[PDB]
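Side chains included, hydrogens not; waters and symmetry mates left out as well; all remaining heavy atoms used. One-based numbering, in listed order, for ligands and for the atoms of each. Throughout, a chain's letter reflects where its sequence line sits, starting with A, and its residues are numbered from 1.
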Amino acid sequence: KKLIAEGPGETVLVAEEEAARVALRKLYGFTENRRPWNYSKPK
Amino acid sequence: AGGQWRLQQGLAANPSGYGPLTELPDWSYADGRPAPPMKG
Amino acid sequence: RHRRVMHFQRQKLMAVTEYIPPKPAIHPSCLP
Amino acid sequence: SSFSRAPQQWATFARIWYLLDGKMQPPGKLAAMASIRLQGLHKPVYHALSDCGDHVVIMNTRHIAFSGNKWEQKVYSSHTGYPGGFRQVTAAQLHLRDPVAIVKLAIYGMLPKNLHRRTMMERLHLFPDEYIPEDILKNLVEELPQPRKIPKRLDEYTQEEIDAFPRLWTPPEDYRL
Amino acid sequence: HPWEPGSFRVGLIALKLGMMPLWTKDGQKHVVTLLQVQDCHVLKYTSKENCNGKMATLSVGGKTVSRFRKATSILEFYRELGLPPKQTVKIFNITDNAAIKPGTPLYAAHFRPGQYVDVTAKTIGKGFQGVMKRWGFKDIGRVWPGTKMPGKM
Amino acid sequence: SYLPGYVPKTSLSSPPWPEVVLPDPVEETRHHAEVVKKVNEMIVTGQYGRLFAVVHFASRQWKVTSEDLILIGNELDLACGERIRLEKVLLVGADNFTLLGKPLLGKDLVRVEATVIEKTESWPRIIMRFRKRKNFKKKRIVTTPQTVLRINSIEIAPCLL
Amino acid sequence: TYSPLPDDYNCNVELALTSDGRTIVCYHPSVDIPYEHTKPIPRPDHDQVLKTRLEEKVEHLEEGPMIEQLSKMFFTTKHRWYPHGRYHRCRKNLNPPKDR
Amino acid sequence: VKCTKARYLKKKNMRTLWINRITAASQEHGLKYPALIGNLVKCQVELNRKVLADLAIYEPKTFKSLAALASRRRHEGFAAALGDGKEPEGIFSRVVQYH
Amino acid sequence: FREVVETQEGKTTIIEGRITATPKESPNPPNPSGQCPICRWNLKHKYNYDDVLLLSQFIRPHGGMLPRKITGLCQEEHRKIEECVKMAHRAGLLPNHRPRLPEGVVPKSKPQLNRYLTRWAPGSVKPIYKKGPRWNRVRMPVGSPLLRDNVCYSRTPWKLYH
RNA sequence: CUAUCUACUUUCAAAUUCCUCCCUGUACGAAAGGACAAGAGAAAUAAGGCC
Ligand code: FES
Ligand SMILES: [Mg+2]
Ligand SMILES: [Mg+2]
Ligand SMILES: [Mg+2]
């Protein structure tokens, strides 16, 4: 009973599949708002 | 908006008048060297 | 013969200079 | 939000269904709210060229209330196009003939005067008396608050409230009343 | 059902045979039109709700016509009813107590002498005619809609 | 049984808007320190992902984030590849917190760095005034110098406390 | 206590000035939808000697009735459903610029 | 000629769009546009309309905070208006001075 | 309160009045200096047409207005309350202050056009067939001018003509 | 008008009117005077059709 992901869709099946993709992105630490890649010269 | 309130605080009616927002340098070199003074 | 139209600047002047009657804080009839 | 591009676009531009109750509400205040929702002016993504209008469902259009004497005074005029085809009817006469006409005309005037207006009207669903088709009822997402607060009638006041108000004057005991 | 005040029974489709003189006992002459009922049957019944009208409707058919010159859809409708196709089909607004079973034949004795009847038909086509024959005729910057001009009469 | 200024409840007796009671200054000052400390710990522990900031540059405000491109409408007297710091940050924001300057955030708090990747000129802009003459052959064309900046990074330091 | 806005939607906002008073700090974590405020996923939906037949539900409809069906289904006017001439068709850019 | 004049209209219409979007975003939080814009200025927040419209769309949590900040400053102004000045100014009302 | 009665018994009719206790005024008015009940309670400019609790006290059981001498209201407030009671009746706020229906009358349902702030009786008013030009536009009165001095909690004064 | 453009080419069918008789020498009318609709017949016009 704890939300882990939520996804939109034109159909319930599409929305459910999108929610699974959102959950996978969070689990793998590959979210849209994750820390950007660091290109700073090593220091 | 806010022109009269700004004057009450002693600021310029336009926020683009005098003050740090306008007069301070827009940028500087990444190493910390100051930029040349802006034309305005 | 008929009330001539005024310049709108004059009409604005008249309106700004219209008599404003004094309004008491408490109505006189509402007091003993 | 880490959505997929296509689902994200679908959610942002999705059409919402709004419910509005018209009982004892002035048509213009209902029209003003419906106008904004039918154009999408209530969305931060609003753009005229984006077809971001929403659905508006108004019930109890037969029970709208006009302030003042607008029932008698307000006249709706139309012309059939033939010689002598000019027709003028009062708001009361129009209301009896078509219970949704007043709210519909009020909304129609407020919408922008362009080719998108008739498309916006397609998303307007006016119902006279509390009955909404099951399909439309299943679409409904939110009910917007009534613009006018309906004043209570004297009989509708609870005894506690009646007692809470003071008796301002002492009536003469010898008066018939 | 018995007749009740406010009832509306069905009518019929008849063919116009021609006209004849008729005399009354008061010595007046009257010209009458002979209307002959040919293969008139009730075709369809629609209830008030489904008809989109205050009154229920009874569909009646007229003269029998060849099946070889009728649309397939119309031919299928008559096949179910068990009747040859008709030339004209008209709708009569009836009350719920006047409903007649589809397929019932209608006769001229459905009307009785002394009764009054409205008769509807297409008028003789005169083609494109001028204002004089059409309307009997020998400035806002535009012609008004409905102005009487030459046209099909 | 009533105060001198008592008024029986009616539609116009009191204002229609609901009365609002603001937090006690002393109590609120303590709460503000807790919030500032909580947000400071998030910065200290790196509990944030992508950051966005509002920068004032060339008389303009830009809502930027890392890897973004902004087209500046004038030359900047810098070579391509030069890395600069955008020193006027009105706002820096994260998923769970936002820092607002009054009007500008301190240099210690937030650092925004950008690189010049292209120096070019705009496409020809037609200027045509309909004076009382044959206008076509008198059309003026102007091209404005532009600079493309890439936003390299936005860094926040734990200096709220 | 006192909240400037309700906190039951979008996020919970906590506003705090810094000790120096030059910075405003806003803490706004997301508000997760409560499990109770949700609905269960709707579950979707004999002498049959002969095989089931995939009968084509593709019915021809005339332009007028077809446009009326499309307009009702999408709550639009009929005009958008009519075609336009070659001049406008060819004018349209079939390789439009795309931003991300 | 239209192309030359349109540059004036482009700026005007863009500002009208930002105000429409800011108005819509503010209404979602119960705030009218004049209340948000004016009170943000009274907090020494100089975010322009273009950025505020961008924030409403892409940063709703940050925008709600800005709406909450404007609402708080608006309430502080109401309390000060009722007060005779004997009481202290609101926490968010305090203006940073520059010299 | 005096209720006249009549009893026909023994081929005779007796008409007599009955004195009954009335509602006593609430003790300790906030402003005992006020001449009339409205000012005595700091209610001047603070009541509208929908404040039935305040207006009901000055009307008869059948919806009629009470005389000024009996109520003690000043002429200005008497006219204000008189207009407010008229608008309150036209809005249906007072559905129990109507004349009693006798046995002869039949219950009937007729078009119930909801209305409020109705300055004029619906029957007297005539439709505005010609609005007129912008400079000379025929407007529709809403509310009453007597309530123009009411307390206003908005930056816009009441619109009396629409 | 050798008619390019605008407009228009079935608002399909609720009808008006004058006379005679009747009501009626009735209601009213001090009385004289004298109804009104309700109808009846006869005309005409207009609209729609028809041989
Ligand atoms: S005398 Fe004070 S309100 Fe009447
Ligand atoms: Mg012919
Ligand atoms: Mg401007
Ligand atoms: Mg003829």
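We find that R6(B) and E46(H) are joined by a salt bridge, their nearest charged nitrogen and carboxylate oxygen being less than 4.0 Å apart. The pair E83(I)-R79(I) does not count as a salt bridge, with every side-chain nitrogen at least 4.0 angstrom from each carboxylate oxygen.
In summary, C30(C) places no N/O/S atom under 2.8 Å from atom 4 (Fe) of ligand 1, failing the contact criterion. The distance from atom 2 (Fe) of ligand 1 to the nearest N/O/S atom of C39(I) is under 2.8 Å. Put simply, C74(I) gets within reach of atom 4 (Fe) of ligand 1, with an N, O or S atom under 2.8 Å from it.
Other residues, nucleotides and ligands place more than 12 heavy atoms under 6.0 Å from the NZ atom of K152(D).
Tested against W62(F) for a side-chain contact (heavy atoms from CB on, under 4.5 Å), the candidates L90(F), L71(F), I70(F) yield a single pass: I70(F).
Numbered from 1 in the order shown, with element, the atoms of ligand 1 that lie under 4.0 Å from a heavy atom of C36(I) read 1 (S), 2 (Fe), 3 (S), 4 (Fe). Applying the 4.0 Å criterion to heavy atoms of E77(I) picks out, from ligand 1, the atoms 3 (S), 4 (Fe).
Figure legend: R90(I) and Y49(I) shown without cation-pi pairing, the cationic atom not lying both under 6.0 angstrom from the six-membered ring centre and within 45 degrees of its axis.
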